[PDB]
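Have a look below at one chain only, the form deposited in one PDB entry, in structure tokens format.
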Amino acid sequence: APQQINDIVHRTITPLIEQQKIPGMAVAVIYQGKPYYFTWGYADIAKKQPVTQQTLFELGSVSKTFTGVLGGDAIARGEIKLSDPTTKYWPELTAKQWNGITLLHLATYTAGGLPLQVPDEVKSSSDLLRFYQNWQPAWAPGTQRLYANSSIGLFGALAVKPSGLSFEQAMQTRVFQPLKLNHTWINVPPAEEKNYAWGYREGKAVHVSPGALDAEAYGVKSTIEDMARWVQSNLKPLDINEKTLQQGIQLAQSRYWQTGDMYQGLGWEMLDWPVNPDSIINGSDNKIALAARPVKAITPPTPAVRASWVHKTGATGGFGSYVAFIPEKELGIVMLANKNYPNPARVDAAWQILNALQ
């Protein structure tokens, strides 16, 4: 590898691993459009299995970027519109608070206070209907952003209804397969179990538990190679031959709402480049990222801006991930770890690396 990349990656990641006690880690840097890979430590401590370029990590909420793009693809196919009422695709949602809540609101956490988590007691489909029917908004639609699995998760499930495909089938056929993400899974197959890292929480080996709308909100697993390819695909979507998938990528990086210095896309979040590192680092802390904040509508949405810092944090009980890229520079990074360690540490490391390479 170029020594500049080797040196800034190792100078940044070595102390991070030490400070955070991360058992295993994979990093991809995309520099001038090409990937460079780095791995450390253990996928499975007990079985002494090292992290490799083939190791699967739980992406947690980085999964929302796949959901957002799959939704964008469905819009491009003419199957849904973001201006459609939620009830167009779920007619049984008859409670009056749903009047005026559109797919846009669900996709962008602006429906009026849908909760961060779907309650664990929601198992069946009828449980899910009851939950949404009984939910009471704190705010009018399109006025406050509150990051929520129950919001974008419902968007993903509704976005695929006109296709007749399951969410998983739609994601496989329409996103994973055309992009050759052949080691990226909503459900890890038996053939791939040998590569599935354990997560570590309080020293115990853990994997994500089943939950309602899990695939849509936090349920993808992938390797550092496929995640580097996901970044490449979102860095330069014009190179994508499938017209609707190209368009869906563009739609997911369009700017729909602004709060502070950040813009909400579909799954992706964006800031103008050059960014203030304090903004992305401090902003990534859950004290801000999960807080209820007023939003300004961007009417109409701004098309995807090439000079952007485009990014997403995500975690599960045992994993912590981050992806960031700057389309204008063909520059990006993926950081996958099998410990959930604080967001600002991820973003600080990513900025030190990308800032040095810019």
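Shifts are known only where both forms have a C-alpha. Residue numbers here begin at 1 and follow the sequence given. Rigid core here is just the name for the largest C-alpha set that superposes within 1.5 Å across the two forms.
Just so it is clear, the following notes concern the form deposited with a small molecule bound, a form of the same protein that is not shown.
- When the small molecule is considered in the deposited bound form, only one residue from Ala228, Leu103, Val175, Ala74 comes within 4.5 Å through any heavy atom, namely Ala228.
- Although the partner is absent here, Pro35 lies within 4.5 Å of the small molecule in the deposited bound form, judged by heavy atoms.
- Taking non-hydrogen atoms only, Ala43 never approaches the small molecule to within 4.5 angstroms in the deposited bound form.
- Although the partner is absent from this view, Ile30 contacts the small molecule in the deposited bound form, with a non-hydrogen atom inside 4.5 angstroms.
- Among residues of the shown chain, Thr184 is not one whose heavy atoms approach the small molecule to within 4.5 Å in the deposited bound form.
- Displacement of the C-alpha atoms by 2 Å or more across three or more consecutive residues between this form and the one not shown, following core superposition, is confined to the single run 288-290.
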